[PDB]
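Contents: one structure, followed by commentary.
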Amino acid sequence: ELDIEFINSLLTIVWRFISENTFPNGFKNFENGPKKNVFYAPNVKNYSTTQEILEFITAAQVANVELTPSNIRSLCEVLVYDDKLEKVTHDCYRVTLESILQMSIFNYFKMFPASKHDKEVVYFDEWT
Amino acid sequence: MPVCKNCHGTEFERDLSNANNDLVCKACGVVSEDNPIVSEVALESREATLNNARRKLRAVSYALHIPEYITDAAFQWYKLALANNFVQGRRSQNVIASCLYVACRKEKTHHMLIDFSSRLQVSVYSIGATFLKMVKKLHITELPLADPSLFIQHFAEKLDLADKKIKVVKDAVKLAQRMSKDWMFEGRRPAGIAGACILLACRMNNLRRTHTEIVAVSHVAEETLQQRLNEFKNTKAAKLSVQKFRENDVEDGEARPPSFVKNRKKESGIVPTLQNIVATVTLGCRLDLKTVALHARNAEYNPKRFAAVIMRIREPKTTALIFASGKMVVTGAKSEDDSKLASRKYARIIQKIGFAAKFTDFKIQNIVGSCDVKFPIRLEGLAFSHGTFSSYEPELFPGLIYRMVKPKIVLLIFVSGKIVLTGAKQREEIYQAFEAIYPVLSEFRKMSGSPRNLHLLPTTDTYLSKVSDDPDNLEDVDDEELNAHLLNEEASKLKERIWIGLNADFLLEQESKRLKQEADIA
Amino acid sequence: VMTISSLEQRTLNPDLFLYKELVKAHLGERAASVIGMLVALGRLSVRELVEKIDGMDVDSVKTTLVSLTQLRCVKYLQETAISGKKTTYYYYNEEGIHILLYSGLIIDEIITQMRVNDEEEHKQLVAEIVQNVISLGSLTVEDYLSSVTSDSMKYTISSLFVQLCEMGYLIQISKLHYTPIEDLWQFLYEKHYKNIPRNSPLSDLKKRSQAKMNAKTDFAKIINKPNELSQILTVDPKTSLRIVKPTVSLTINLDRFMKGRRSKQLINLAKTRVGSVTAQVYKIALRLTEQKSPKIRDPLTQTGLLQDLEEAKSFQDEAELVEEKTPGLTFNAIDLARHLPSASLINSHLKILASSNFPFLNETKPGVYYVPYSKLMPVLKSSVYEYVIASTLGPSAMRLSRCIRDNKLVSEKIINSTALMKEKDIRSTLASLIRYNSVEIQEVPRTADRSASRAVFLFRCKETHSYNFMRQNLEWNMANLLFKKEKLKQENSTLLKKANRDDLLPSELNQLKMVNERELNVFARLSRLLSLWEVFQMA
Amino acid sequence: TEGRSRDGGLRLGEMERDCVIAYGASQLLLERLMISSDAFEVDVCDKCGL
Amino acid sequence: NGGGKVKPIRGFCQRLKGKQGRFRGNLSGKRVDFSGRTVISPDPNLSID
DNA sequence: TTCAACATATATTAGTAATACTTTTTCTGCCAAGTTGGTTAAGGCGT
DNA sequence: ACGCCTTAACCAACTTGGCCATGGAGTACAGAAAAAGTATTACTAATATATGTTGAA
Ligand SMILES: [Zn+2]
Ligand SMILES: [Zn+2]
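Residue numbers (our numbering), protein chains in the order written: chain A, 1 to 128; chain B, 1001 to 1522; chain C, 2001 to 2539; chain D, 3001 to 3050; chain E, 4001 to 4049.
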């Protein structure tokens, strides 16, 4: 690409369609509104896009040229590492149900500190 | 500071006698202390330019063989000069040259500006003006004032010859001093009278040398000198004195600089006069300078030389100017009528030939005036007195610079009595500052008086109202020769043609870089 | 400066810093030093104590010691001296107060057997049962029920009766039980080298492995001895149902607590990657298998002897099939009607097993429904970290470290190639990550001997260090938090004396909720941090 | 201070000093190497001596 | 910096180490007050001691 | 030769307005002893 | 039986503070750009030296 930004933009753009790639749309309205046993047997679903993204990239609405499926995979690799998606059998991919982030407990989001006054906190470097 | 615990004596006496080296007061006998405990044996844009600044500073400094200590003066000055941002805007050699010059001058040493500067390519008037600026930017006083009494030595050292020169030097100094006494000194380069008395007393000691040799250390011209040589030959009791006995004449006669003698060449109460009034007028539309420059009697268009249209008019003998944005400066205006009225005439070519561009914002940027008292006055002391509010340097400029804060005007001074008061935007301020400093003028005299009324003539605003203030009054003041100041289309197709044959490279580079714009894209 | 953080109270004390306050938070008093000094210097003798502690010799020495014994806070060894008589040297139990350090969480271990009576006096019953147990630690239904009233149906006052056995609960302390493991292995290393019928003096391997075999297989029934013993389980007196053996005292069973909380983690992590339907399925499935899986227990033998770079695998292989096959008999093949809240056809609904895929489970008897097990738990452990640093420090540290996972000892260009944002950030997140552990460093000499800026700077995972630094975490609040709990005692200590015996003043009324709900914040805040600590201390 | 000139003081070197030890004089050391040498009182703390 | 290689950047382990370095000659070797120094000259009629 | 005379510069205040020019300011590439390794000898260890 | 590798003792390499005491004067790399400030570039418009030259006597 280029060495400067707005990859994160086109990233979070493709992440959307990637969320579509797995089960139906978000259905995050109430707690369990998922595929409901993943339609019929998610075992039957072996799915990903790879090249398809480019046919998907046809939308443009942005200043750029197209990009190679190789570097497409590179774009995939960050959200692998950022854990927004999953890498299965090479070109097949999944979503990490990240969306629950986007929206006892062990999730970092959906957690807020008191973090004023009281000395009872847990900082990280309370000992360095 | 310390006081005894008992006698409470305020004075302590140290005993080094027996080599106890103790401290005790004559009031008690109870010591202050035992065995006084003694001792033995980064990167910043500023700080780095202080490294380099010391490098330059010291190096070029003792290239003159000046004392090392003195250099640190300027080093502070230079550092002090960093504070007011006086340093950045211009060359470095200007800077260091300046701050060293303010040291040596302030410290009264023997070195010369025209000389010191001559270490470079420099016109020497440049760095002179640099030094002149920090007079504004830093804030100084009468401190830098010298005389040949110093510089004859450094000159005398440079000519070798014999030691009688010293005897000659004593002969020369008082000689020049009487010449300083007879009032021919000030207003001229001290080196001139220096080499003068050199040739005089060396002539008194009859050693045959050349004016080339004299000016060689003096760094002036020869005819420059001999003007002062025979300018002595005519002086009071000159040939009466010029013989032996080492000029024991201490007397004076009169003191009459040739300055006002050239005032005799055409031969308060004397009123300063208007010369020019600097102003400005806004049009209100930006336009093409060449398009208006096409048909005119007086104009010039060469943005290569300077970007503007040169405009002037023979009536009422006024110049002014025009700008590109629809602004102008009014110049050559001796009074407000001739100023504002002609200032309206410029809009008459415009609305006649060019665009509309009405007459707006007529405002005085400056007013000029001049006067003379017809007698000598002592600036040396006047400066020594008012050098707070005054500025003078002997060779930097013959006249003296005065600065009045109330009101704010620069005063141009001459021992001829000729005084130029300028730098004011108001008429009355002329005679306000003038008659204000007149008690200093008549205060310093050697061996009219009625200002009448402080304000006599009508004000500036009177003559301003005597001319139409409405921009749309134009054809009324049209001289009808401005109808004729336009020219035919042929003289535009010929004059303008010549302009194009000349400027096709200038415009060619304009449009060519305008093509580089397209190249810039790619 | 000015003590407000007090690095003294904190920075310079690894590990035992927890312990010596725990016992302090428990006892302190006379009892404080002995554990502190012990864990500090290690092996210690009775006579050897008072030459250091100045601990009220041979009384609080004896007193605190038997105190720890009753509560099994020490590891305990005696043998004859080399001349004769007998000598006793001492160690500290496991993590010891580790038992106490859960407590309320061990109280939560009841919530598995909270079932079969929900929200009953039976709840309060088994409650006082357990904490009375854990305060002393070794009791009998003869001793307990003896103290308890004898006018409340025996098979009910003490309602948990057959339920005394289960998985967790209690096992009689015997010999080896609190005896130091590392040596008692060596104690079993006798009788094999020690019994050699002067066979052949060659190849100690034949001597070693065989002894090892013995040492192995003997040790098995050793630790399998507490695993189950029938004389407890079996007893059914006349006109009665099966009971435990009321005779010998039994003690808290820590294993199924480990496996239980580790389960709870898996409920969370798996719950993260799957849906609450499939999740709760996995949850109720694990309720059966957490019975059989050691899951923290396997080390044991690994602890206490040098491995061998091959023979290390000769231990690993045993963990490969162990639970997978023979306990596989105890494991999922066909399970029936676990709970249901779903309804109607339960079969392919139960085939939701196959919905399990990654990065765990999803291995079965090629046409029966089964989850891999003794292979599962191990490579499960390796994964467990995951999330551990994000709002820990920064979002971006994730993807790089995660990337630092897949690649290895690369460098910043190939990072910035793979990675994104800007070197301005890349350094920060990395540098702020290198400030502790994680990346470590790699570098190689470049056209020089070794020099400062010439060479290249490389990055590596080393979860050995990583998984072994989260104890620094232990050193944070589990270190501190306990103090500001204790330190706040002396605040109200005067009132604490009065206020406890009362059931007065406005500020009293105020500071009630202050210090108390404050204690909610500390204690709950602790258990919070604990659920995280439940891993890197063991697996 | 050092030597002659500035001001006085004289040199007990080690090799010079130890000659007194052959006479084993306790106090002569103290008065000599202490009371007349550097007269000072340190203040310390039994607990954690510093 | 400099960088004409000023030799004695060393201040410390030195000041404690040899010769005039304290812990021998400036501590065990203290230069002691109340003394005096002069040249000699014989006096036989002065008693021994 | 001496005049002489004539032109240039020159210090102020305005300007625009524009271009052009330097800076500053970041902001960056001599003996005894440990010390090693290099050698060998034994010694299991499997053939 | 015979060979192999593993462990360990030896020996030769590179290695480092010592080195009279007392006096007694004596003693940070080079290159860029962004900012900013000023010079020039016309005008009055008044100086009196200073200089240049030339030139007429
Ligand atoms: Zn006193
Ligand atoms: Zn202390």
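The beta-carbon is built from N, C-alpha and C at its ideal position, and this holds for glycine as well.
Asked: Given a limit of 7 Å on CB to CB distance, which residues of the region 1163–1184 of chain B reach chain D?; Found: none
Asked: What residues are listed by DSSP as bridge partners for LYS87(A)?; Found: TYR93(A)
Asked: Residues of chain C with CB closer than 7 Å to the CB of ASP83(A), please, in chain order.; Found: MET2398 and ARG2402
Asked: So does the region 1451–1461 of chain B actually touch the region 1397–1407 of chain B, counting three or more Cβ pairs closer than 8 Å?; Found: no
Asked: Could you check whether the Cβ of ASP4033(E) sits closer than 7 Å to any Cβ belonging to chain D?; Found: yes
Asked: Note down, one range per segment and in chain order, each beta strand (DSSP E) of at least 3 residues found wholly within the region 1075–1133 of chain B.; Found: none
Asked: Compute the Euclidean distance between the alpha carbons of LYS116(A) and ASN2521(C), then round it to the nearest angstrom.; Found: 14 Å
Asked: Under 7 Å, do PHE23(A) and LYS35(A) count as touching if we go by C-beta distance?; Found: yes
Asked: According to DSSP, what are the bridge partners of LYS1363(B)?; Found: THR1280(B)
Asked: Nearest-angstrom Cα distance between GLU1186(B) and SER1180(B)?; Found: 8 Å
Asked: If we call anything under 7 Å between Cβ atoms a contact, is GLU2021(C) one with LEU2350(C)?; Found: no
Asked: Using a Cβ-Cβ distance cut-off of 7 Å, determine whether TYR40(A) contacts chain C.; Found: no
Asked: Helix, strand or coil for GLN2302(C), going by three-state DSSP, please let me know.; Found: coil
Asked: Measuring only the C-alpha atoms, how far is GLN2265(C) from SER1045(B)?; Found: 58 Å
Asked: Can you tell me the Cα-Cα spacing of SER2249(C) and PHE2257(C), whole angstroms?; Found: 20 Å
Asked: Given a threshold of 16 other Cβ atoms within 10 Å of its Cβ, counted over all protein chains shown, does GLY2104(C) qualify as buried or as exposed?; Found: exposed
Asked: Taking only heavy atoms of ligand 2 into account, decide whether any of them is closer than 6 Å to the Cβ of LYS4017(E).; Found: no
Asked: What residues in its chain sit with their C-beta under 6 Å from that of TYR2467(C), if we drop five residues either side in the sequence?; Found: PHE2536
Asked: Going by beta-carbon coordinates alone, are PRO1272(B) and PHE1434(B) separated by less than 7 Å?; Found: yes
Asked: Using a Cβ-Cβ distance under 7 Å, would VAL2023(C) count as near chain A?; Found: no
Asked: On the premise that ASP1171(B) lies in contact with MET1204(B), defined as a C-beta separation below 8 Å, what is that separation, rounded to the nearest angstrom?; Found: 6 Å
Asked: Is there a Cβ from chain D that is less than 7 Å from the Cβ of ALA1146(B)?; Found: no
Asked: Can you give me the start and stop residues for the beta strand (DSSP E) that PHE1245(B) sits inside?; Found: Unbroken run through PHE1245(B): none, as it is neither H nor E.
Asked: Which whole-angstrom value describes the C-beta separation of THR1422(B) and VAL1410(B), a residue pair presumed to lie in contact below a C-beta threshold of 8 Å?; Found: 6 Å
Asked: What residues of chain C sit near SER104(A), judged by a beta carbon separation below 8 Å?; Found: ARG2528 and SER2531
Asked: Out of curiosity, what's the CA-to-CA distance linking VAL1292(B) and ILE1430(B)?; Found: 37 Å
Asked: Rounded to the nearest angstrom, what separates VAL2244(C) and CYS3048(D) at their Cα positions?; Found: 57 Å
Asked: Determine the direct distance from the alpha carbon of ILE2196(C) to that of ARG2399(C), and round the result to whole angstroms.; Found: 58 Å
Asked: Please confirm whether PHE1362(B) and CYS1285(B) have their CB atoms less than 7 Å apart.; Found: no
Asked: May I have a chain-ordered list of the alpha helix (DSSP H) segments no shorter than 4 residues that lie completely inside the region 1479–1522 of chain B?; Found: 1482–1485 and 1497–1521
Asked: Whole angstroms is fine: what's the gap from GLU2048(C)'s alpha carbon to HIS2098(C)'s?; Found: 26 Å
Asked: Would you say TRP2185(C) reaches chain A, if we count a Cβ-Cβ gap shorter than 7 Å as a contact?; Found: no
Asked: Any beta carbon from chain D within less than 7 Å of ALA1019(B)'s own beta carbon?; Found: yes
Asked: I'd like to know if the region 2265–2280 of chain C and the region 2184–2191 of chain C are in contact, where contact means that at least 3 CB-CB pairs between them fall below 8 Å.; Found: no
Asked: Give, in chain order, every unbroken run of the beta strand (DSSP E) that is at least 3 residues long and sits entirely within the region 2048–2085 of chain C.; Found: 2074–2079
Asked: Which residues, in chain order, does the region 2064–2075 of chain C contribute to contact with chain A at a C-beta distance below 7 Å?; Found: none
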